[PDB]
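Written below as structure tokens is the structure these notes are about.
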Amino acid sequence: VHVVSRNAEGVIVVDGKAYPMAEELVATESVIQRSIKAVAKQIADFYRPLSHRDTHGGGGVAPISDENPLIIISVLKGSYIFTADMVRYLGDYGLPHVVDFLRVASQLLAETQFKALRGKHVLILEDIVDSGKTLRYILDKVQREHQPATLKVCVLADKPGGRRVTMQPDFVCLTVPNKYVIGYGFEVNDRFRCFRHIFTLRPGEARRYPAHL
Amino acid sequence: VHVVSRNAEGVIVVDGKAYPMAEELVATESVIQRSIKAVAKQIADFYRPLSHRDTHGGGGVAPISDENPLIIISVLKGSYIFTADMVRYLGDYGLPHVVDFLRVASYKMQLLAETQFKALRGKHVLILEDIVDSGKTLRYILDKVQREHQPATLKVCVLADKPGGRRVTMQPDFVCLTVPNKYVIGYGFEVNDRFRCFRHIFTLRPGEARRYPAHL
Ligand SMILES: O=c1[nH]cnc2c([C@@H]3N[C@H](COP(=O)(O)O)[C@@H](O)[C@H]3O)c[nH]c12
Ligand SMILES: O=c1[nH]cnc2c([C@@H]3N[C@H](COP(=O)(O)O)[C@@H](O)[C@H]3O)c[nH]c12
């Protein structure tokens, strides 16, 4: 049970901690973790029956295994906390997998280092689908460079009211309101990512830290 | 609570799960998490009262704050799970901080991925790293960060210290756990990217080190 209240300044307090930058609470840690673990079970149940290119034993097709694991691509920097939690739940459910990272910014800043993804099942882990443009860019790049057998996306958050292009992730942990979200990886110039809960940001507060880090 | 035992095949079992690649258990999840949170308190207590360059007001110096946070550089890939947990404990203790990433590798050391932060001059910088073993990886990182960013101070926090592996002087400022002089796996520690998702840290059976020879 989380304790959620407001102090005399009208500021949201969760478990004794004040969040003056927040407009509303979206999800507590308990709700977020339960939602991630539920999707981890969906992911493990979906992939464990599948087979793909055998690079351990010299061809042809073999079951997903520790020898030929599911390939996971995590999008830095936003998905790193979500990924750390998800992979541990995937391990709990016994899904063989390995993780590489790509970094994008608003440009590709860092490329994946994995070089044998041809004919492999590949799952992208991303923080949020809002407009859909970021994931359309990533999916196109990953498909053209790696030629995977299949390419799917799991997002922590879906903001369905923000779409500008068609983008429907295969796995969604939580739905967020049509507002700027902060906490659990979600940032304002790298601030707020360490919050264990997700909140909506007070309007105009997205310009609070103008200085480039 | 955790139950650690061996099954009829002599294989380590933790909470009903078998780890046939493991020689010994080093630390359970509960011990690891307790250790990380304790260091988080040390880090917060150490940096909370300090001041450094003010880039928010373009001013001279100002306290560590959300306006001028502690700068954390996390070393990929091994430190990402440790970092995700540490930052949440650092937030619990109210330490203002931001995180960027660098990645290094050996062929001799070379940078695989650079940090994107460009205003670290006169700032307190903390490196988060998975393990100090020989010390060569961190000596390379510290020398590069120091010359290229010219921070006010540069310190290192490691999840693990393998004391007997040292070949160059390197004692991190903060150490969560001490490990035996053996190859460790779990909680970010890998064998060709396998085993990183384990919630516990184990030593590796020596015959398992070359189980996954194919490049990913
Ligand atoms: O509500 C939000 N809070 C915090 N970040 C974002 C983003 C960021 N923009 C990227 C996704 O963009 P989109 O789907 O709009 O192209 C995310 O990876 C985040 O970097 C969109 N919406 C949000
Ligand atoms: O026992 C170990 N288990 C898993 N990885 C390592 C490493 C890796 N080598 C790097 C640092 O080693 P060193 O201090 O010897 O230069 C770590 O960041 C790890 O990625 C050293 N020892 C170990």
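As shown in the structure tokens, the chain order sets the letters A, B, ...; within each chain, residues go from 1, and ligands are also counted from 1 in the order they appear.
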I need the residues in segment 19-110 of chain A that are strand (DSSP E) according to DSSP; give them as an mmCIF file with N, CA and C atoms, in the first residue's frame.
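Produced file states.cif, reproduced below:
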```cif
data_model
loop_
_atom_site.group_PDB
_atom_site.id
_atom_site.type_symbol
_atom_site.label_atom_id
_atom_site.label_comp_id
_atom_site.auth_asym_id
_atom_site.auth_seq_id
_atom_site.Cartn_x
_atom_site.Cartn_y
_atom_site.Cartn_z
ATOM 1 N N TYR A 19 6.482 15.825 -4.391
ATOM 2 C CA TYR A 19 6.757 15.954 -5.848
ATOM 3 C C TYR A 19 6.184 17.286 -6.354
ATOM 4 N N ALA A 22 5.031 17.736 -10.038
ATOM 5 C CA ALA A 22 3.970 16.847 -10.549
ATOM 6 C C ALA A 22 2.587 17.495 -10.503
ATOM 7 N N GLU A 23 1.775 17.219 -11.516
ATOM 8 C CA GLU A 23 0.362 17.653 -11.561
ATOM 9 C C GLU A 23 -0.475 16.525 -10.945
ATOM 10 N N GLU A 24 -0.320 15.289 -11.423
ATOM 11 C CA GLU A 24 -1.114 14.141 -10.903
ATOM 12 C C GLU A 24 -0.272 12.864 -10.821
ATOM 13 N N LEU A 25 -0.648 11.928 -9.965
ATOM 14 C CA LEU A 25 0.001 10.602 -9.926
ATOM 15 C C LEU A 25 -0.634 9.772 -11.049
ATOM 16 N N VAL A 26 0.163 9.070 -11.844
ATOM 17 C CA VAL A 26 -0.331 8.156 -12.908
ATOM 18 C C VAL A 26 -0.264 6.719 -12.364
ATOM 19 N N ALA A 27 0.892 6.298 -11.866
ATOM 20 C CA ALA A 27 1.061 4.904 -11.402
ATOM 21 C C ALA A 27 2.103 4.808 -10.288
ATOM 22 N N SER A 51 11.411 -20.696 -32.990
ATOM 23 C CA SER A 51 12.731 -21.132 -33.480
ATOM 24 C C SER A 51 13.240 -20.059 -34.446
ATOM 25 N N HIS A 52 14.539 -20.030 -34.668
ATOM 26 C CA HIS A 52 15.168 -19.025 -35.544
ATOM 27 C C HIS A 52 16.567 -19.519 -35.943
ATOM 28 N N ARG A 53 17.334 -18.710 -36.650
ATOM 29 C CA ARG A 53 18.620 -19.170 -37.211
ATOM 30 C C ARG A 53 19.525 -19.703 -36.111
ATOM 31 N N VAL A 61 17.730 -23.970 -38.474
ATOM 32 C CA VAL A 61 16.761 -23.323 -37.539
ATOM 33 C C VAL A 61 16.729 -24.153 -36.256
ATOM 34 N N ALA A 62 16.685 -23.504 -35.101
ATOM 35 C CA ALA A 62 16.693 -24.179 -33.797
ATOM 36 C C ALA A 62 15.863 -23.371 -32.804
ATOM 37 N N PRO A 63 15.369 -23.995 -31.730
ATOM 38 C CA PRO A 63 14.526 -23.287 -30.790
ATOM 39 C C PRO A 63 15.250 -22.151 -30.064
ATOM 40 N N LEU A 70 16.718 -15.173 -27.591
ATOM 41 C CA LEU A 70 15.965 -14.034 -28.146
ATOM 42 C C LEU A 70 16.921 -12.844 -28.129
ATOM 43 N N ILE A 71 16.923 -12.039 -29.171
ATOM 44 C CA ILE A 71 17.758 -10.815 -29.205
ATOM 45 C C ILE A 71 16.889 -9.641 -28.770
ATOM 46 N N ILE A 72 17.315 -8.934 -27.741
ATOM 47 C CA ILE A 72 16.596 -7.742 -27.251
ATOM 48 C C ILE A 72 17.470 -6.515 -27.540
ATOM 49 N N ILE A 73 16.881 -5.492 -28.143
ATOM 50 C CA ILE A 73 17.552 -4.188 -28.378
ATOM 51 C C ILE A 73 16.846 -3.159 -27.483
ATOM 52 N N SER A 74 17.551 -2.595 -26.510
ATOM 53 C CA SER A 74 17.035 -1.562 -25.593
ATOM 54 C C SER A 74 17.447 -0.186 -26.146
ATOM 55 N N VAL A 75 16.525 0.754 -26.147
ATOM 56 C CA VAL A 75 16.760 2.123 -26.679
ATOM 57 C C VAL A 75 17.264 3.005 -25.538
ATOM 58 N N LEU A 76 18.535 3.367 -25.582
ATOM 59 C CA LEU A 76 19.115 4.301 -24.603
ATOM 60 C C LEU A 76 18.771 5.745 -25.014
ATOM 61 N N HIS A 97 17.455 -14.973 -23.339
ATOM 62 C CA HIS A 97 17.582 -13.689 -24.050
ATOM 63 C C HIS A 97 18.921 -13.018 -23.781
ATOM 64 N N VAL A 98 19.307 -12.116 -24.670
ATOM 65 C CA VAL A 98 20.521 -11.286 -24.509
ATOM 66 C C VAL A 98 20.111 -9.865 -24.917
ATOM 67 N N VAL A 99 20.800 -8.863 -24.386
ATOM 68 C CA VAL A 99 20.418 -7.450 -24.586
ATOM 69 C C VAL A 99 21.566 -6.679 -25.184
ATOM 70 N N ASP A 100 21.301 -5.930 -26.235
ATOM 71 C CA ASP A 100 22.254 -4.949 -26.781
ATOM 72 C C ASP A 100 21.516 -3.606 -26.728
ATOM 73 N N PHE A 101 22.236 -2.513 -26.892
ATOM 74 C CA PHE A 101 21.656 -1.169 -26.828
ATOM 75 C C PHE A 101 21.895 -0.356 -28.094
ATOM 76 N N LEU A 102 20.934 0.486 -28.449
ATOM 77 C CA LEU A 102 21.153 1.523 -29.480
ATOM 78 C C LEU A 102 20.757 2.830 -28.802
ATOM 79 N N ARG A 103 21.412 3.924 -29.149
ATOM 80 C CA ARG A 103 21.102 5.233 -28.563
ATOM 81 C C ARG A 103 20.630 6.170 -29.661
ATOM 82 N N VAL A 104 19.473 6.785 -29.455
ATOM 83 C CA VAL A 104 18.913 7.795 -30.383
ATOM 84 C C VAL A 104 18.722 9.081 -29.579
ATOM 85 N N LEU A 108 21.006 8.966 -34.781
ATOM 86 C CA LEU A 108 21.483 7.736 -34.115
ATOM 87 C C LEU A 108 22.818 8.152 -33.482
ATOM 88 N N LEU A 109 22.975 8.042 -32.156
ATOM 89 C CA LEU A 109 24.211 8.448 -31.425
ATOM 90 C C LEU A 109 25.105 7.238 -31.170
ATOM 91 N N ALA A 110 24.526 6.065 -30.951
ATOM 92 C CA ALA A 110 25.306 4.829 -30.732
ATOM 93 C C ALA A 110 24.625 3.650 -31.420
#
```
Which residues of chain B come within 9 Å of ligand 2, and what is each one's closest atom pair and distance in Å (one decimal), counting only C-alpha atoms and all ligand atoms, sorted by chain and residue number, as CSV?
```
residue,atom,partner,partner_atom_place_in_ligand_line,distance
B:75,CA,ligand 2,18 (O),7.5
B:76,CA,ligand 2,18 (O),8.1
B:77,CA,ligand 2,20 (O),7.4
B:78,CA,ligand 2,20 (O),5.5
B:79,CA,ligand 2,18 (O),7.7
B:104,CA,ligand 2,18 (O),8.5
B:105,CA,ligand 2,10 (C),8.2
B:106,CA,ligand 2,16 (O),8.7
B:109,CA,ligand 2,16 (O),8.9
B:129,CA,ligand 2,18 (O),6.5
B:130,CA,ligand 2,18 (O),5.5
B:131,CA,ligand 2,17 (C),5.2
B:132,CA,ligand 2,14 (O),4.1
B:133,CA,ligand 2,14 (O),3.6
B:134,CA,ligand 2,15 (O),3.5
B:135,CA,ligand 2,14 (O),3.7
B:136,CA,ligand 2,16 (O),4.0
B:137,CA,ligand 2,16 (O),3.7
B:138,CA,ligand 2,14 (O),6.4
B:139,CA,ligand 2,16 (O),8.1
B:140,CA,ligand 2,16 (O),8.7
B:161,CA,ligand 2,14 (O),8.9
B:162,CA,ligand 2,1 (O),7.5
B:165,CA,ligand 2,15 (O),7.0
B:166,CA,ligand 2,14 (O),7.3
B:167,CA,ligand 2,15 (O),8.1
B:168,CA,ligand 2,14 (O),8.9
B:170,CA,ligand 2,14 (O),8.6
B:179,CA,ligand 2,1 (O),8.4
B:180,CA,ligand 2,1 (O),8.8
B:181,CA,ligand 2,1 (O),7.8
B:182,CA,ligand 2,1 (O),6.0
B:183,CA,ligand 2,1 (O),3.5
B:184,CA,ligand 2,3 (N),4.0
B:185,CA,ligand 2,3 (N),5.5
B:186,CA,ligand 2,4 (C),8.3
B:188,CA,ligand 2,4 (C),8.0
B:189,CA,ligand 2,4 (C),4.4
B:190,CA,ligand 2,4 (C),5.3
B:191,CA,ligand 2,4 (C),7.1
B:203,CA,ligand 2,1 (O),7.8
B:204,CA,ligand 2,3 (N),8.4
```
Exercise answer, chain B residues close to chain A, 8 Å and only C-alpha atoms, as number ranges by chain: B: 55-56, 66-67, 80-81, 84-85, 87-88, 90-91, 97-100, 113, 117-120, 193-194, 197-199, 212-216
Using only C-alpha atoms and all ligand atoms, find each protein or nucleic acid residue lying at most 8 Å from ligand 1; present the set as a PyMOL selection string. chain A and resi 75+78-79+105-106+126-135+159+162-163+178-182+186-188+200
Suppose we keep N, CA, C and O atoms; can you now write the selection as an mmCIF file, in the first residue's frame?
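Once written, again-v6.cif looks like this:
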```cif
data_model
loop_
_atom_site.group_PDB
_atom_site.id
_atom_site.type_symbol
_atom_site.label_atom_id
_atom_site.label_comp_id
_atom_site.auth_asym_id
_atom_site.auth_seq_id
_atom_site.Cartn_x
_atom_site.Cartn_y
_atom_site.Cartn_z
ATOM 1 N N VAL A 75 16.525 0.754 -26.147
ATOM 2 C CA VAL A 75 16.760 2.123 -26.679
ATOM 3 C C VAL A 75 17.264 3.005 -25.538
ATOM 4 O O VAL A 75 16.494 3.303 -24.658
ATOM 5 N N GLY A 78 16.419 6.361 -22.451
ATOM 6 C CA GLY A 78 15.132 6.300 -21.731
ATOM 7 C C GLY A 78 14.679 4.954 -21.209
ATOM 8 O O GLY A 78 13.980 4.941 -20.218
ATOM 9 N N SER A 79 15.024 3.866 -21.863
ATOM 10 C CA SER A 79 14.504 2.521 -21.492
ATOM 11 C C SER A 79 15.425 1.743 -20.533
ATOM 12 O O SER A 79 15.108 0.635 -20.249
ATOM 13 N N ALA A 105 18.698 10.222 -30.244
ATOM 14 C CA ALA A 105 18.456 11.521 -29.577
ATOM 15 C C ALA A 105 17.570 12.407 -30.437
ATOM 16 O O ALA A 105 17.455 12.110 -31.638
ATOM 17 N N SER A 106 16.952 13.430 -29.824
ATOM 18 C CA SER A 106 16.111 14.452 -30.512
ATOM 19 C C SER A 106 16.628 15.844 -30.158
ATOM 20 O O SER A 106 17.199 15.960 -29.062
ATOM 21 N N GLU A 126 11.353 -0.242 -25.442
ATOM 22 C CA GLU A 126 11.310 1.236 -25.531
ATOM 23 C C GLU A 126 10.465 1.775 -24.369
ATOM 24 O O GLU A 126 9.643 1.060 -23.862
ATOM 25 N N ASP A 127 10.682 3.028 -23.984
ATOM 26 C CA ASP A 127 10.007 3.624 -22.802
ATOM 27 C C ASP A 127 8.543 3.956 -23.109
ATOM 28 O O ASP A 127 7.670 3.594 -22.350
ATOM 29 N N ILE A 128 8.311 4.670 -24.193
ATOM 30 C CA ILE A 128 6.940 5.139 -24.502
ATOM 31 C C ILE A 128 6.733 5.312 -26.007
ATOM 32 O O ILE A 128 7.682 5.675 -26.678
ATOM 33 N N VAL A 129 5.527 5.036 -26.473
ATOM 34 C CA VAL A 129 5.103 5.345 -27.860
ATOM 35 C C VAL A 129 4.112 6.516 -27.684
ATOM 36 O O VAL A 129 3.155 6.363 -26.934
ATOM 37 N N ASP A 130 4.418 7.667 -28.268
ATOM 38 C CA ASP A 130 3.587 8.888 -28.157
ATOM 39 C C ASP A 130 3.154 9.253 -29.590
ATOM 40 O O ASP A 130 2.088 8.793 -29.997
ATOM 41 N N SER A 131 3.970 9.999 -30.332
ATOM 42 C CA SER A 131 3.706 10.319 -31.761
ATOM 43 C C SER A 131 3.875 9.064 -32.624
ATOM 44 O O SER A 131 3.184 8.951 -33.624
ATOM 45 N N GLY A 132 4.776 8.163 -32.243
ATOM 46 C CA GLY A 132 5.103 6.963 -33.044
ATOM 47 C C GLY A 132 6.302 7.169 -33.969
ATOM 48 O O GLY A 132 6.816 6.206 -34.476
ATOM 49 N N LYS A 133 6.772 8.403 -34.126
ATOM 50 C CA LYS A 133 7.834 8.697 -35.126
ATOM 51 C C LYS A 133 9.172 8.084 -34.685
ATOM 52 O O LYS A 133 9.898 7.584 -35.522
ATOM 53 N N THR A 134 9.472 8.111 -33.391
ATOM 54 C CA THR A 134 10.773 7.585 -32.887
ATOM 55 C C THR A 134 10.843 6.084 -33.219
ATOM 56 O O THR A 134 11.856 5.620 -33.717
ATOM 57 N N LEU A 135 9.774 5.349 -32.927
ATOM 58 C CA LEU A 135 9.808 3.881 -33.129
ATOM 59 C C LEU A 135 9.740 3.551 -34.633
ATOM 60 O O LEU A 135 10.346 2.572 -35.032
ATOM 61 N N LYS A 159 0.853 6.176 -24.969
ATOM 62 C CA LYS A 159 0.030 7.408 -24.912
ATOM 63 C C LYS A 159 -0.770 7.397 -26.220
ATOM 64 O O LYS A 159 -0.326 7.993 -27.180
ATOM 65 N N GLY A 162 -1.586 10.670 -28.491
ATOM 66 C CA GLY A 162 -0.511 11.482 -29.090
ATOM 67 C C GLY A 162 -0.089 11.049 -30.482
ATOM 68 O O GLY A 162 0.721 11.723 -31.055
ATOM 69 N N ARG A 163 -0.669 9.998 -31.038
ATOM 70 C CA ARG A 163 -0.175 9.432 -32.320
ATOM 71 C C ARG A 163 -0.231 10.421 -33.481
ATOM 72 O O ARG A 163 -1.279 11.050 -33.635
ATOM 73 N N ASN A 178 -2.966 11.683 -21.682
ATOM 74 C CA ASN A 178 -2.468 12.498 -22.814
ATOM 75 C C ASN A 178 -1.772 13.721 -22.213
ATOM 76 O O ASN A 178 -2.240 14.836 -22.437
ATOM 77 N N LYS A 179 -0.710 13.489 -21.463
ATOM 78 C CA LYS A 179 0.020 14.542 -20.747
ATOM 79 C C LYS A 179 1.502 14.160 -20.732
ATOM 80 O O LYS A 179 1.800 13.003 -20.930
ATOM 81 N N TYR A 180 2.369 15.104 -20.421
ATOM 82 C CA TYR A 180 3.815 14.832 -20.346
ATOM 83 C C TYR A 180 4.061 14.049 -19.056
ATOM 84 O O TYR A 180 3.733 14.563 -18.016
ATOM 85 N N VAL A 181 4.583 12.835 -19.163
ATOM 86 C CA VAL A 181 4.822 11.969 -17.976
ATOM 87 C C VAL A 181 6.280 12.044 -17.506
ATOM 88 O O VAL A 181 7.138 12.254 -18.291
ATOM 89 N N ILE A 182 6.489 11.905 -16.216
ATOM 90 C CA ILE A 182 7.839 11.933 -15.611
ATOM 91 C C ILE A 182 7.927 10.787 -14.605
ATOM 92 O O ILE A 182 6.916 10.329 -14.143
ATOM 93 N N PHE A 186 11.280 8.381 -17.234
ATOM 94 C CA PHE A 186 10.759 9.543 -17.997
ATOM 95 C C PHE A 186 11.397 10.808 -17.425
ATOM 96 O O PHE A 186 11.360 10.964 -16.217
ATOM 97 N N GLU A 187 11.901 11.678 -18.287
ATOM 98 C CA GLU A 187 12.748 12.798 -17.836
ATOM 99 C C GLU A 187 12.315 14.208 -18.209
ATOM 100 O O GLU A 187 11.435 14.348 -19.029
ATOM 101 N N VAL A 188 12.933 15.193 -17.573
ATOM 102 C CA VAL A 188 12.917 16.599 -18.048
ATOM 103 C C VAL A 188 14.420 16.935 -18.022
ATOM 104 O O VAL A 188 14.951 17.092 -16.944
ATOM 105 N N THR A 200 2.290 12.980 -13.997
ATOM 106 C CA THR A 200 2.145 13.941 -15.098
ATOM 107 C C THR A 200 2.922 15.170 -14.619
ATOM 108 O O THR A 200 2.927 15.441 -13.423
#
```
Can you tell me which residues surround residue 21 of chain A at a distance of at most 8 Å, considering only C-alpha atoms, apart from same-chain residues fewer than 5 positions away, and format the answer as a list in words?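 Within the cut-off, the hits are residues 201, 202 and 205 of chain A.
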Pull C-alpha atoms from the residues just selected and write them as a CSV table (one decimal), in the first residue's frame.
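To be explicit, this is the file written out as again_5.csv:
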```
chain,number,residue,atom,x,y,z
A,201,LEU,CA,4.3,17.1,-15.2
A,202,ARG,CA,2.9,20.5,-14.3
A,205,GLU,CA,7.8,22.8,-16.2
```
How would you write, as a CSV table (one decimal) with C-alpha atoms, in the first residue's frame, the set of residues in segment 32-71 of chain B that DSSP gives as helix (DSSP H, G or I)?
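Writing done, so here's selection_19.csv:
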```
chain,number,residue,atom,x,y,z
B,32,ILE,CA,23.1,-7.3,-3.0
B,33,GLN,CA,20.2,-4.8,-2.7
B,34,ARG,CA,20.9,-4.2,1.0
B,35,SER,CA,24.6,-3.5,0.1
B,36,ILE,CA,23.7,-1.1,-2.8
B,37,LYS,CA,21.2,0.9,-0.6
B,38,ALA,CA,23.9,1.2,2.1
B,39,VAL,CA,26.4,2.7,-0.4
B,40,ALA,CA,23.6,4.9,-1.8
B,41,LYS,CA,23.3,6.5,1.7
B,42,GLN,CA,27.2,6.9,1.8
B,43,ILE,CA,27.2,8.6,-1.6
B,44,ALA,CA,24.2,10.9,-0.7
B,45,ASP,CA,25.8,11.8,2.7
B,46,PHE,CA,29.1,12.5,0.9
B,47,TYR,CA,27.8,14.7,-2.0
```
Within 9 Å of residue 150 of chain B using only C-alpha atoms, minus same-chain residues under 6 positions, as a short mmCIF file (atom, residue, chain, number, x, y, z; two decimals) with N, CA, C and O atoms, in the first residue's frame:
```
data_model
loop_
_atom_site.label_atom_id
_atom_site.label_comp_id
_atom_site.auth_asym_id
_atom_site.auth_seq_id
_atom_site.Cartn_x
_atom_site.Cartn_y
_atom_site.Cartn_z
N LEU B 120 30.90 19.37 -18.19
CA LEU B 120 31.35 18.71 -16.93
C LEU B 120 32.54 19.43 -16.25
O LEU B 120 32.93 19.02 -15.19
N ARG B 121 33.06 20.48 -16.88
CA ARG B 121 34.19 21.25 -16.29
C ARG B 121 33.71 21.81 -14.95
O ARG B 121 32.68 22.44 -14.93
N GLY B 122 34.46 21.59 -13.90
CA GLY B 122 34.15 22.13 -12.57
C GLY B 122 32.96 21.45 -11.91
O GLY B 122 32.46 21.98 -10.96
N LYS B 123 32.59 20.27 -12.39
CA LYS B 123 31.48 19.50 -11.81
C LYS B 123 31.99 18.28 -11.04
O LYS B 123 33.04 17.80 -11.39
#
```
Excluding residue 124 of chain B and any residue of its chain fewer than 5 positions from it, enumerate the residues within 12 Å of it, using only C-alpha atoms, and give them as number ranges by chain. B: 43, 46-54, 61-65, 68-73, 96-98, 119, 145-146, 149-156
Take the residues just selected and output them with N, CA, C and O atoms as a short mmCIF file (atom, residue, chain, number, x, y, z; two decimals), in the first residue's frame.
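Output file part_33.cif is given in full below:
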```
data_model
loop_
_atom_site.label_atom_id
_atom_site.label_comp_id
_atom_site.auth_asym_id
_atom_site.auth_seq_id
_atom_site.Cartn_x
_atom_site.Cartn_y
_atom_site.Cartn_z
N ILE B 43 26.96 7.66 -0.48
CA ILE B 43 27.16 8.57 -1.64
C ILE B 43 26.35 9.86 -1.38
O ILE B 43 26.88 10.93 -1.56
N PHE B 46 27.86 11.93 1.33
CA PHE B 46 29.15 12.52 0.89
C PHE B 46 28.92 13.73 -0.02
O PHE B 46 29.59 14.73 0.20
N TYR B 47 28.01 13.66 -0.99
CA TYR B 47 27.84 14.73 -2.03
C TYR B 47 26.79 15.78 -1.63
O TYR B 47 26.87 16.88 -2.12
N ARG B 48 25.83 15.42 -0.79
CA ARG B 48 24.71 16.34 -0.44
C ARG B 48 25.24 17.74 -0.08
O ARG B 48 24.71 18.69 -0.59
N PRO B 49 26.26 17.88 0.80
CA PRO B 49 26.69 19.22 1.25
C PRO B 49 27.66 19.94 0.31
O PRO B 49 28.04 21.01 0.64
N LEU B 50 28.00 19.37 -0.84
CA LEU B 50 29.06 19.93 -1.71
C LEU B 50 28.47 20.91 -2.72
O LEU B 50 27.27 20.84 -2.96
N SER B 51 29.30 21.80 -3.25
CA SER B 51 28.92 22.77 -4.29
C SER B 51 29.86 22.55 -5.47
O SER B 51 30.89 21.97 -5.28
N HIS B 52 29.50 23.01 -6.65
CA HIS B 52 30.32 22.89 -7.88
C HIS B 52 29.86 23.95 -8.89
O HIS B 52 29.02 24.74 -8.53
N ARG B 53 30.41 23.94 -10.10
CA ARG B 53 30.09 25.03 -11.06
C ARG B 53 28.58 25.14 -11.27
O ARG B 53 27.94 24.12 -11.46
N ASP B 54 28.05 26.37 -11.30
CA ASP B 54 26.64 26.67 -11.59
C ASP B 54 26.50 26.88 -13.10
O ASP B 54 27.00 27.90 -13.58
N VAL B 61 29.57 29.26 -8.47
CA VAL B 61 29.44 27.95 -7.79
C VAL B 61 28.09 27.91 -7.08
O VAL B 61 27.63 28.97 -6.65
N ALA B 62 27.51 26.72 -6.96
CA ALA B 62 26.22 26.55 -6.28
C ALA B 62 26.11 25.12 -5.73
O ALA B 62 26.78 24.24 -6.26
N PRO B 63 25.29 24.89 -4.70
CA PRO B 63 25.15 23.57 -4.17
C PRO B 63 24.67 22.51 -5.17
O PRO B 63 24.02 22.84 -6.10
N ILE B 64 25.05 21.26 -4.92
CA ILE B 64 24.48 20.14 -5.72
C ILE B 64 22.96 20.26 -5.55
O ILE B 64 22.52 20.32 -4.42
N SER B 65 22.23 20.33 -6.65
CA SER B 65 20.77 20.53 -6.66
C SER B 65 20.18 19.97 -7.95
O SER B 65 20.93 19.62 -8.83
N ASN B 68 21.80 22.00 -10.58
CA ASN B 68 23.22 21.60 -10.82
C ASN B 68 23.42 20.21 -10.21
O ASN B 68 23.91 20.11 -9.11
N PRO B 69 22.93 19.14 -10.85
CA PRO B 69 23.02 17.83 -10.22
C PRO B 69 24.40 17.17 -10.21
O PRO B 69 25.24 17.57 -10.95
N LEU B 70 24.57 16.19 -9.33
CA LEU B 70 25.75 15.32 -9.37
C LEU B 70 25.75 14.68 -10.77
O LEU B 70 24.70 14.27 -11.21
N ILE B 71 26.90 14.58 -11.40
CA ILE B 71 27.01 13.97 -12.75
C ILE B 71 27.44 12.51 -12.55
O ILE B 71 28.49 12.30 -12.00
N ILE B 72 26.62 11.56 -12.99
CA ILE B 72 26.96 10.11 -12.92
C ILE B 72 27.23 9.62 -14.34
O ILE B 72 26.45 9.92 -15.19
N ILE B 73 28.37 8.97 -14.54
CA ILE B 73 28.70 8.31 -15.83
C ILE B 73 28.69 6.82 -15.52
O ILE B 73 29.53 6.37 -14.78
N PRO B 96 20.34 14.87 -5.66
CA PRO B 96 20.11 15.31 -7.02
C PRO B 96 21.23 14.79 -7.94
O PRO B 96 22.35 15.01 -7.66
N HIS B 97 20.86 14.10 -9.02
CA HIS B 97 21.84 13.51 -9.94
C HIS B 97 21.26 13.28 -11.33
O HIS B 97 20.04 13.23 -11.45
N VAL B 98 22.13 13.17 -12.32
CA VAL B 98 21.74 12.83 -13.71
C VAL B 98 22.73 11.77 -14.18
O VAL B 98 23.82 11.75 -13.64
N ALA B 119 29.25 19.64 -20.61
CA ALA B 119 29.47 20.75 -19.66
C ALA B 119 29.85 20.18 -18.28
O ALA B 119 29.23 20.58 -17.31
N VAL B 145 38.34 10.56 -18.64
CA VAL B 145 37.30 11.49 -18.13
C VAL B 145 38.01 12.71 -17.54
O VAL B 145 37.60 13.82 -17.78
N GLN B 146 39.07 12.47 -16.79
CA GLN B 146 39.80 13.58 -16.11
C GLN B 146 40.36 14.54 -17.17
O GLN B 146 40.17 15.74 -17.01
N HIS B 149 37.18 16.08 -19.66
CA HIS B 149 36.05 16.80 -19.01
C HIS B 149 36.54 17.75 -17.89
O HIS B 149 35.81 18.65 -17.55
N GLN B 150 37.73 17.53 -17.36
CA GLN B 150 38.30 18.41 -16.30
C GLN B 150 37.28 18.64 -15.19
O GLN B 150 37.02 19.77 -14.82
N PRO B 151 36.75 17.57 -14.58
CA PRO B 151 35.80 17.74 -13.51
C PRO B 151 36.42 18.30 -12.22
O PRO B 151 37.60 18.21 -12.07
N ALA B 152 35.60 18.86 -11.34
CA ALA B 152 36.06 19.39 -10.04
C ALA B 152 36.62 18.20 -9.25
O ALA B 152 37.75 18.30 -8.75
N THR B 153 35.85 17.12 -9.14
CA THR B 153 36.31 15.88 -8.48
C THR B 153 35.83 14.69 -9.33
O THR B 153 34.85 14.84 -10.06
N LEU B 154 36.54 13.57 -9.26
CA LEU B 154 36.20 12.34 -10.01
C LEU B 154 36.35 11.17 -9.04
O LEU B 154 37.45 10.97 -8.55
N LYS B 155 35.26 10.46 -8.77
CA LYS B 155 35.26 9.30 -7.87
C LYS B 155 34.61 8.12 -8.58
O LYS B 155 34.00 8.33 -9.60
N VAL B 156 34.79 6.94 -8.02
CA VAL B 156 34.27 5.69 -8.62
C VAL B 156 33.47 4.94 -7.57
O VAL B 156 33.94 4.84 -6.45
#
```
Please report the interatomic distance between atom CA of residue 172 of chain A and atom CA of residue 39 of chain A in Å with one decimal.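 The value is 7.2 Å.
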So the first atom is atom CA of residue 8 of chain B and the second is atom CA of residue 65 of chain A; what is the distance between them in Å, to one decimal place?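 Computing the Euclidean distance for atom CA of residue 8 of chain B and atom CA of residue 65 of chain A yields 24.3 Å.
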With distances taken over only C-alpha atoms, which of B:22, B:143, B:174, B:60 is nearest to residue 158 of chain B?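 Counting only C-alpha atoms, the residue closest to residue 158 of chain B is B:174.
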In Å, with one decimal, what is the gap from atom CA of residue 64 of chain A to atom CA of residue 208 of chain B?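 These atoms are spaced 19.5 Å apart.
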